[PDB]
Amino acid sequence: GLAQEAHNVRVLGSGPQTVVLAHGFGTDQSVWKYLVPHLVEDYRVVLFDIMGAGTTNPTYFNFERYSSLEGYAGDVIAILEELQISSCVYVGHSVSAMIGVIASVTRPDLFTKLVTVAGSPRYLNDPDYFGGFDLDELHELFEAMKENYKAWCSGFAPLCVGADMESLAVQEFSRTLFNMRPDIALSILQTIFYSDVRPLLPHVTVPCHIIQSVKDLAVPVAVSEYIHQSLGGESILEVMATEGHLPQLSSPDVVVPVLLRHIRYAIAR
Ligand SMILES: [Mg+2]
Ligand SMILES: [Mg+2]
Ligand code: NA
């Protein structure tokens, strides 16, 4: 299939229950490597890479399509229809959280449940909302990406994963970051940091399970609280006693059980 080839779609497990695992910026579907073995016995598991990941063809990259998160939401829908999947649980890491939120407002029929890991509808600050970042901070971040991409990746990965340089996850993430073509990495990260999905949250109807590390460089806990307060369907908040923006990769011993519970169980009342 077209989307299956372009997004490295892999379908594992078995059964009528389907779980889609969608990774965030700088990594790929390997971010789920410790969760997948605990799902395949009970679920059909759909893995894919978002366009622009270092595992995808950079000559392909459609800069206009991916200048807005709507392009990534369209990709999710196209993958499910190409796979003829009419219903799934969608687990979205970082940017893939809001991508699933957007896809669920366009096509609520495709999702029985959203599970977000370190999602945020807005990273910039305004007088009534603290996203965590201001404009000149972002400017200097983007200039570092342009000036020395390898040095940027090497400094960014430990801060993002929230661990020392020699952490396994830091080293994995350093490598997947540096496999992105620098102009594509910059374009995607600008699309992410300048997004605003806040107006869409009240229009969500799919129940959402909102997960993050208590200490996440990219997501203040107050943002997760804001998501819970703004969503138009049922939702539950579970802040984890972990540090890091890729907690399913760096702290799987405790984060995999959290994800399993929220994939498996419905919100009470
Ligand atoms: Mg991201
Ligand atoms: Mg206001
Ligand atoms: Na639904």
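For a quick check: with amide H placed at 1.01 Å from N, whose amide H comes under 5 Å from residue 20's, ignoring anything fewer than 5 positions away on the same chain?
46, 89, 90, 91
Please give the Cα centre distance for segment 227-241 versus segment 64-90, rounded to the nearest Å.
Measuring centre to centre over Cα atoms gives 23 Å.
Once label points are set 7 Å from the Cα along Cα→Cβ at both residue 268 and residue 33, what is their separation, rounded to one decimal in nm?
Calculated label separation equals 3.7 nm.
With just the Cα atoms of the chain, tell me how far they stretch along each of the three principal axes, in Å, largest first.
The principal-axis extents, from largest down, are 49, 43, 37 Å.
Over segment 104-176, what relative contact order in percent results from Cα pairs under 8 Å that are six or more residues apart?
13 percent
What percent does the relative contact order of the chain come to when contacts are Cα pairs within less than 8 Å and at least six residues apart?
Over the chain, the number comes to 20 percent.
Work out how much length residue 254 to residue 8 would gain on full extension: take 0.36 nm times their residue separation and subtract the Cα-Cα distance, in nm to one decimal.
Separation in residues times 0.36 nm, less the Cα-Cα distance, equals 85.8 nm.
Compute the Cα gyration tensor for segment 223-269, then decide on rounded, prolate or oblate, letting a ≥ b ≥ c be the square roots of its eigenvalues: rounded whenever a/c is under 1.5, prolate when a/b is larger than b/c in the other cases, and oblate in all that remain.
Cα axes put segment 223-269 in the oblate bin.
Assuming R0 = 25 Å, what is the FRET efficiency of residue 214 and residue 165, from their Cβ-Cβ distance, to the nearest 0.05?
0.65
Which of 60, 123, 43 moves most in a GNM of the chain, Cα contacts under 10 Å?
Greatest mean-square fluctuation among the candidates belongs to 60.
With springs only between Cα atoms under 10 Å apart, run a GNM on the chain and tell me which of 142, 173, 111 wobbles the most.
142
Of 225, 70, 143, which is the most mobile in a GNM of the chain whose springs link Cα atoms less than 10 angstrom apart?
143
Would you mind computing the Rg to Rh ratio of segment 1-140 from its alpha-carbon coordinates, Kirkwood style for Rh?
Reported Rg/Rh, Kirkwood definition of Rh: 0.99.
Would you please classify the overall shape of segment 151-228 from the alpha carbon gyration tensor, given that a ≥ b ≥ c denote the square roots of the eigenvalues, rounded means a/c under 1.5, and beyond that prolate means a/b larger than b/c while oblate covers the rest?
Oblate shape, in that a/c is at least 1.5 and b/c is the bigger or equal ratio.
Every residue, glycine among them, receives a Cβ derived from its backbone with ideal geometry; neighbour counts consider all protein chains shown. Every number here is computed from the coordinates shown, using simple stated rules; none is lab data.
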